[PDB]
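Below: the structure, in structure tokens.
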RNA sequence: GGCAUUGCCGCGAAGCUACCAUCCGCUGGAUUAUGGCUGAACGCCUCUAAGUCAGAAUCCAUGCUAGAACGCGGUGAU
RNA sequence: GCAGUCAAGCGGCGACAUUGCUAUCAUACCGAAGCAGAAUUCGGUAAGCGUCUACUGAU
RNA sequence: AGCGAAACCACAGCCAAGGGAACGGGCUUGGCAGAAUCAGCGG
RNA sequence: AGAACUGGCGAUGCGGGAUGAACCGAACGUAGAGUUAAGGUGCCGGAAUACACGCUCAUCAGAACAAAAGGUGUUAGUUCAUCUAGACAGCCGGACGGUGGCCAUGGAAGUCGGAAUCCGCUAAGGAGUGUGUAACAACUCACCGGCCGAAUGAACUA
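Residue numbers (the entry's author numbering), protein chains in the order written: chain B, 12 to 225, 269 to 387; chain V, 84 to 95, 100 to 137; chain b, 1 to 225, 232 to 288, 301 to 342, 374 to 470; chain r, 2 to 41, 45 to 72.
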């Protein structure tokens, strides 16, 4: 078949490395190039086709939709890069002096046996009155032309049985790299909302390690046009309540997800399937380009999401509907 | 069966001229959307749509 | 084929066809062999090369032959017409010669294949192939004249305005530059003039026109004064199922005087009388009245600028050929003026608006304000259509509060009654 | 359709606004094109054609030279 | 229903899994042949010898895959 | 092949023309055809996609 | 868990070209690439 | 295949042709000192990126066969003519009379077809070399007049 994914050798790391990024923005302010999350699972979506000239215009359309868990990303550092004949080089790096336990644990494999005496000499130095620390920022600003921001997932919010986080370097495209570094510093230890990185109808793309069929699979993959249908928030009740049906419920299937915890945090719905599987980290990017076409220009018209249980068959969408139709039982009044 | 855009499955040799007209005036049978809509000429010559 | 020919394959000159066949056999067939290869493989190589060359030549000859129509068997009218455009005997002789050459090529190829099947030396096979190719080229090369004639005939016949003899046709005859040249142009779309020289119309122009919702067409005679053009025109006037018309001029056009025109007209007596003849004219009265000796004719004076006379004559010819409860309407709809595309103030269709703004079908359908709803303040809808596992469409009715009131008290009735004992 | 359709079009509208100039330039480039092709199995055919043309032209010139 | 190294009638998620089910599958240059400009050589002419515009599905750039297991850089720990 | 007007050289021969049967099939920037238009073939370009050594999974 | 052979073995292997009967595997010109080490396309 | 003759291998080192039986020099005790042959002198390779003449830009130059031709590619010569009576090209102009030279055609006045090409005159001209005409006409090709200032035009040969 295709020799571009051969040899059939397992990837080096579960986390999918991001290679390319957009170039620059001359006028717009600092913006995040990409976002990351975890694959919650897959469900079904039904809407009305507003795509112009469609044979099924204004007719119902059903397609599988993946749910990605995207807890608020938090910034913990900034990395400066300088152009060289050998390519980009990270000449300097800096932290925020308040690394969360989720990040400190990633620096160990025996955290239980570890003395946990990390980020002390630098943190104590960082605790000084700036003077020493500002030298690195000034050096980065003087020479660096591309700046990357270190981020990690708030695994504590997710239901995964994992405390260690992962560090991902995210690039920025805003001009006047001095503005970029100033913005990065002002956001140290702060979180960025999901809605502030991506919006509805965006033709973003995602990359993740596919499921291992076992050495088939388990490799890094990419696919463009992973359109986001609707971004949801865990605190904003009625996320599963679509625009049309507006049924009071949540996207979490009855009885939770198959071999995965219940979704109770920020999440995004993406058209079609996505690489990887449940309990796997994924990354999101804007495809590095703009897919100018009427397919992108259309708008979402979500009508209903399949939230039935996946254990056995399913006759109900929410517990409120089951009790009314099924009535009482032995285990009830 | 085959998948329909409405969200539900559906399931239950003849040839025609270049215009799609069949050799009959009282055609009947399971004339689904694959023929009732694809072949408008046949749909008029067929009574039992779907 | 029908009475029209425009799909005849181009006749490749012997040199061109020979070069094309040589290129085809050289490229498609293999070209690498050595004496150390299997002898049977080399025999098969040579046989395949020879057979491919022969088959290509034969197929090209057959395709060239099949494209040309059979003059003899097409139609007596078209046969006679082509007999004057081209030498019919030469045409048949050339076709027979091409067929004989193709048969000879087939025989040579078969004989060489049979002989080549039992070759004894590689150089012997090479010499046999060389001889076969040389003979094929020599036979093809001698067809230069017939091939050139066939190419010329194909070029000339690829645009003729031939029509079925049975179709209603009008034939116009007369001296060159009589004035009838403008007749065809006025009756039907054509590019002809009344320029003051004799043969302003060399070809047999044909043009279609309609009258009384019935199709018609007219044919202009190039000129009649044996002459090749005159013979060709006669061999189509006589055989066509049409009405023959004559034209005359007094002293300016056609050069010849009225007496000479009448004398020429009387020369077509043996065969013209059977097609409902009519005459239009662009001591002299007696000569003009002499046309009345025909069993039936009509003569009227006119001019090239007398368009109404031409229309009346056409209508008369068409007539002669042919001879041979109360509804209910929403008056409001019809009161509005009918669509006027040329009017800038017309009720522009959705097509024009979309083209101006939405362009082609790439535009999206919208129903804003389309519904005949009373209040425009809420011309936007997000229908629930589903609630608590039940369709909202089964509950959306006007002021259902009246019905719900009668059921409200049932909760209290059940509670105090005590169905739960 | 008509016996002189393309002829009628040519006589009514002539040719392109620069057809004569383009044709003259193309013919002028023939000398350069022939020389370029002569130096660029097709070579055998090109050489044979050029030699045949040269021989024919020389024979025609020599035979007609007897008039003077 | 105490047994069919693995039971039958009626069902069954999951592992498996395919339009037998689903989503997706790139945007800029340099050039071959070719169509021109200027301009000679050969005082002319011309597309080319100096340069240049348009132009190949070709080549390279864009992206994806793995990453020299002795190619490299930055950071928390002593 | 047979005989020849055949003739640059040239010791009596002789490439040249004429007289007798017997590295693309489509994918095309480009030009020609008597190509009104579609269609068409031709010279055009490209093989792009159509029609005991070695590791295929590994330490 | 423990016992425990045999066939075969001048020595044996990273490749392209030349090498005359072509045998290239130990001659020449160039390019490769890891001590140690599972497992094989239907070679 | 048969077979007359002379040299090497046979039994033959070593130097060189980077690579080898058919090649060139050279045939042989172990050694110290200097000069050669083939073969070499930019590097792997020990030796001058020496001197002078020009030749060639190959879209794979250059370091036993298709070899007859093509190039308006290049470097130099032989032959025949023009040539200061004004070289070629570049321009302007002449480019005519019998004439629509003889024959049919619808027509053909030079250029759709058949064959002669008569002939006055001039510096110069075909009853016409082509574009071109339905049939004319116009430009013009070889042939000539004016400007220009010298060597040029054509075929072959290395």
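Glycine is no exception: its CB is placed at the ideal position from the N, C-alpha and C atoms.
Does residue i get closer than 8 Å to chain V when you measure Cβ to Cβ?
i, result
"residue 365 (chain B)", "no"
"residue 369 (chain B)", "no"
"residue 257 (chain B)", "The residue list of chain B ends a segment at 225 and starts the next at 269, so residue 257 (chain B) has no coordinates to report."
"residue 79 (chain B)", "no"
"residue 353 (chain B)", "no"
"residue 190 (chain B)", "no"
Which residues share a DSSP beta bridge with residue i?
i, result
"residue 323 (chain B)", "B:78"
"residue 181 (chain B)", "B:160"
"residue 249 (chain b)", "b:170"
"residue 254 (chain b)", "b:287"
"residue 217 (chain b)", "b:169 and b:208"
"residue 43 (chain B)", "B:183"
"residue 139 (chain b)", "According to DSSP, which records beta bridges pairwise, residue 139 (chain b) is partnered with nothing at all."
"residue 1 (chain b)", "Note: residue 1 (chain b) sits in no beta bridge, so no partner."
"residue 36 (chain B)", "B:185"
"residue 217 (chain B)", "B:277 and B:338"
To the nearest angstrom, how far is the alpha carbon of residue i from that of residue j?
i, j, result
"residue 14 (chain r)", "residue 5 (chain r)", "14 Å"
"residue 167 (chain B)", "residue 115 (chain B)", "13 Å"
"residue 33 (chain B)", "residue 345 (chain B)", "14 Å"
"residue 12 (chain B)", "residue 134 (chain B)", "53 Å"
"residue 382 (chain B)", "residue 466 (chain b)", "21 Å"
"residue 337 (chain b)", "residue 9 (chain b)", "43 Å"
"residue 271 (chain b)", "residue 398 (chain b)", "60 Å"
"residue 41 (chain B)", "residue 185 (chain B)", "5 Å"
"residue 328 (chain B)", "residue 147 (chain B)", "40 Å"
"residue 179 (chain b)", "residue 208 (chain b)", "20 Å"
"residue 410 (chain b)", "residue 285 (chain b)", "58 Å"
Using a 10 Å radius around the Cβ and a threshold of 16 neighbouring Cβ atoms, would you call residue i buried or exposed?
i, result
"residue 18 (chain b)", "buried"
"residue 56 (chain r)", "exposed"
"residue 280 (chain B)", "buried"
"residue 431 (chain b)", "exposed"
"residue 133 (chain V)", "buried"
"residue 255 (chain b)", "buried"
"residue 113 (chain B)", "buried"
"residue 292 (chain B)", "exposed"
"residue 93 (chain V)", "exposed"
"residue 451 (chain b)", "exposed"
At the 8 Å Cβ level, is residue i part of the contact set with chain r, yes or no?
i, result
"residue 160 (chain b)", "yes"
"residue 181 (chain b)", "no"
"residue 252 (chain b)", "no"
"residue 86 (chain b)", "no"
"residue 193 (chain b)", "no"
For residue i, decide whether its Cβ has a neighbour in chain B, counting only Cβ atoms nearer than 8 Å.
i, result
"residue 436 (chain b)", "yes"
Is residue i close to chain b, meaning its C-beta is less than 8 Å from at least one C-beta of that chain?
i, result
"residue 6 (chain r)", "yes"
"residue 281 (chain B)", "no"
"residue 54 (chain r)", "no"
"residue 113 (chain B)", "no"
"residue 360 (chain B)", "no"
"residue 9 (chain r)", "yes"
Practice item. Would you list, in sequence order, the uninterrupted alpha helix (DSSP H) runs of no fewer than 4 residues that lie entirely inside the stretch 285 to 367 of chain B? Key: 348 to 351
Practice item. Jot down the residue ranges of each uninterrupted beta strand (DSSP E) in the stretch 53 to 124 of chain B, minimum 3 residues, whole runs only, in chain order. Key: 71 to 80, 84 to 93 and 100 to 106
Point to revise | Length at least 4, wholly inside the stretch 20 to 104 of chain b: the alpha helix (DSSP H) runs in chain order | key: 39 to 67, 71 to 74 and 76 to 85
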